A.B. asks: 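Here's a structure for you.
Just so you know, these numbers use all the heavy atoms, side chains as well, and skip hydrogens, waters and symmetry mates. Reminder, nothing fancy here: chain letters follow the sequence lines and each chain counts from 1.
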Number of protein chains: 2
Amino acid sequence: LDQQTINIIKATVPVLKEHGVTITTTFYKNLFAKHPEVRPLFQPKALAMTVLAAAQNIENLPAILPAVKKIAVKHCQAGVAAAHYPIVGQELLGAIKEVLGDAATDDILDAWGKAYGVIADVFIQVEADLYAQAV
Amino acid sequence: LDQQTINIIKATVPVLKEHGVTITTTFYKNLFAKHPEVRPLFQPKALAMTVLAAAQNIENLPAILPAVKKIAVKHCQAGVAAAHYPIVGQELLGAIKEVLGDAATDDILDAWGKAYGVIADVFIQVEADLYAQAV
Ligand code: HEM
Ligand code: HEM
């Protein structure tokens with residue numbers, strides 16, 4: 001939620017987007033290898049790139065609501081839980097570090113974790129509301 | 001968007017809530033007196049108190065979505081414009097100043113204006129999207 005964090009996301013997103021294919025493939029490979037328990041829920045190739053896109057609009061998250069709402073329904077149909085969020089975040093950050101190489105400073109990583117946390121929260125809330133609206 | 005603002009918001013809402021009746025009545029009196037052009041759009045007594053309620057959940061705005069969405073539709077049926085937001089904001093702060101009196105320091109008022117801008121931004125975006133979906 002901090003401006004420096006915001007500045008670092010703004011500065012780095014473009015660099016990450018240039019390596020989209022690698023982030024996407026590394027993320028899936030690790031997610032499935034390390035967390036076999038999520039395999040039954042499933043590839044949406046856009047999952048990771050959508051996070052970056054949300055991050056690119058961090059100052060105007062409300063603008064991405066219409067997309068967030070459509071994905072949320074799919075997540076609620078599949079059984080996605082708030083406890084899944086951190087696991088996906090962990091694997092995304094790992095993919096990001098691999099791509100950044102040297103340039104992966106602890107401050108950049110920490111920024112991306114904070115950023116992911118915020119974006120994950122919107123999804124978690126919207127989804128908690130849909131599951132509740134279900135009864 | 002800063003911690004102090006938030007601190008200031010968290011510390012004073014309760015005090016504002018205690019004088020709700022005054023804030024609500026002062027806000028409506030000045031709004032209509034000073035901006036006759038909005039009169040044709042209309043009183044929702046809960047207008048001001050709902051902003052206070054959003055402010056108090058300022059760290060978790062997504063959680064108030066279901067309410068924001070029901071109001072937004074009513075705002076779009078009525079012709080509410082992004083340009084109306086600042087006017088309502090100005091009258092709200094005026095009401096808050098009256099109530100705070102001595103305690104109405106410049107930093108407190110600046111924090112509330114900040115808080116209001118953020119909340120207003122959510123409604124504006126949500127409404128812009130509804131207006132766009134209308135065609
Ligand atoms: C903020 C993080 C997340 C974002 C941005 C996101 C984004 C996406 C996107 C863009 C899609 C494809 C939507 C479509 O075109 O239909 C998708 C589908 C899916 N996501 Fe998420 N996802 C997120 C977190 C998660 C988590 C934590 C899990 C848990 C394992 C997860 C599991 C799934 C599954 C199972 C689907 C497939 C839905 C289906 O086709 O039935 N996602 N996600
Ligand atoms: C973030 C700022 C705002 C908040 C929290 C808010 C809140 C509310 C609430 C709680 C209601 C009553 C909903 C109901 O129970 O049906 C309402 C209705 C209304 N608001 Fe807003 N409002 C906001 C900004 C504005 C602005 C900027 C205008 C422009 C003049 C406006 C004009 C109206 C009107 C005309 C109605 C009546 C709708 C109808 O019943 O046809 N509001 N508002």
A.B. asks: Counting heavy-atom pairs closer than 4.5 Å to chain B, which one of A:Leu65, A:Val122, A:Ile124, A:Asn60 comes out on top?
C.D. replies: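 Maximum pair count with chain B is reached by A:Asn60.
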A.B. asks: Can you name the residues of residues 1-28 of chain B that have some heavy atom under 4.5 Å away from a heavy atom in chain A?
C.D. replies: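 From residues 1-28 of chain B, the residues near chain A are B:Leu1.
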A.B. asks: B:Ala63 and A:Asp129: which non-hydrogen atoms are nearest, and at how many Å?
C.D. replies: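 Minimum heavy-atom contact is O-OD2, 4.4 Å.
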A.B. asks: Where along residues 31-47 of chain B does a heavy atom come under 4.5 Å of chain A, listed by residue number?
C.D. replies: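 At a heavy-atom separation under 4.5 Å, chain A is reached by no residue of residues 31-47 of chain B.
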A.B. asks: What side-chain donor-acceptor pairs closer than 3.5 Å can you find for residues 76-85 of chain B, not counting sequence neighbours?
C.D. replies:
unit_1  : atom_1 : unit_2   : atom_2 : d
B:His84 : ND1    : B:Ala81  : N      : 2.7
B:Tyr85 : OH     : B:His75  : ND1    : 3.1
B:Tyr85 : OH     : B:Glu127 : OE1    : 2.7
B:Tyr85 : OH     : B:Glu127 : OE2    : 3.1

A.B. asks: Which residues in residues 91-120 of chain A have a heavy atom less than 4.5 Å from any heavy atom of chain B?
C.D. replies: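 So far as heavy atoms go, nothing in residues 91-120 of chain A approaches chain B to under 4.5 Å.
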